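Quick setup: one chain, the form deposited in one PDB entry, written in structure tokens, and binding and motion questions come after.
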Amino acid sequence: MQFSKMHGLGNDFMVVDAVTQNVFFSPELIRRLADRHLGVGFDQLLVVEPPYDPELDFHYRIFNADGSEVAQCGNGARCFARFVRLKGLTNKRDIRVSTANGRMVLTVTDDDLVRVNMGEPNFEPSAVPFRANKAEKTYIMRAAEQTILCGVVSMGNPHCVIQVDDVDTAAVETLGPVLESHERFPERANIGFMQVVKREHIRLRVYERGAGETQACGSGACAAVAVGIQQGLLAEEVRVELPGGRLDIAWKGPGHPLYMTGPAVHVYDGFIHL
């Protein structure tokens, strides 16, 4: 079986053409391939498939390192889109794709970046979920003796966003775990530490649900810009510098989808005889 190793800003995928190949997986096999010492090594497996609607171009499916399916908007979408082009499955720069829970158009730009429609930011606390009296632009959270000012939004997953003076000095490693499992987040939260540089540029670090801090959290970048915007801090096109590199977020406010443009890298091609 042929596969490709890819990553978006360090989020790494084993990518399999299940269009031109007959490929089978089990949860156990996926756990065995994800293992970084004993297998291929990856965070997620992306399986590229023929479409099941005559008007789309592909379907794709994602499994995590535990062998279970992940259904998260834009997850793996930039690696998917460059893959189908790099391997000759398509010529299009506008690629229509279905996923576990949706349907979306990916635009591959001339500089090899991919523009993803991330949907509309949802600020209502009950959708996050987030325990609160009602929606507010800013919230006070009590973290032991510390007082925290934050914004909260759902990108389909939950985010708590905290404006900081300097991401380098932010207490990601100490306050992230506190907030990540706070009682007011019944399903936990991704904790973003946003430093505003200009209205068009932020630096960001994210302590992610379950996983802590990594080089890059795409949905947390979207949540940070969405919060920064509706607190009047940011312009409608914002450059987001994460530890692992740069994303660009574009949102025109409530009533409009938010877009994320970022890179995807092909590392190597593999062959494994399952």
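The first residue of the sequence shown is number 1, and the count goes up from there.
A summary of the deposited B-factors shows that, of 130-138 and 200-208, the stretch with the larger mean C-alpha value is 130-138.
Comparing 188-196 with 99-107, the higher mean C-alpha B-factor in the PDB entry belongs to 99-107. When the C-alpha B-factors of 231, 215, 26, 44 are read from the PDB record, the largest value belongs to 231. Highest CA B-factor among 220, 39, 245, 54, as stated in the entry: 54. The entry lists a Cα temperature factor for residue 153 that places it in the middle third of the chain's modelled residues.
In the deposited entry, the Cα temperature factor of residue 79 sits in the bottom third of values across the chain's modelled residues. Residue 257: CA B factor in the middle third of modelled residues in this chain (values from the PDB entry). Compared with the other modelled residues of the chain, the Cα B-factor recorded for residue 7 ranks in the middle third.
Residue-level temperature factors show residue 30 in the lowest third of its chain, judged at the C-alpha atom.
Beyond the structure shown, there is the form deposited in another entry, which is absent from this document and is the topic of what follows.
Among the listed residues (205, 189, 47, 114), the one located at the hinge where rigid parts rotate relative to each other between this form and the one not shown is 114.
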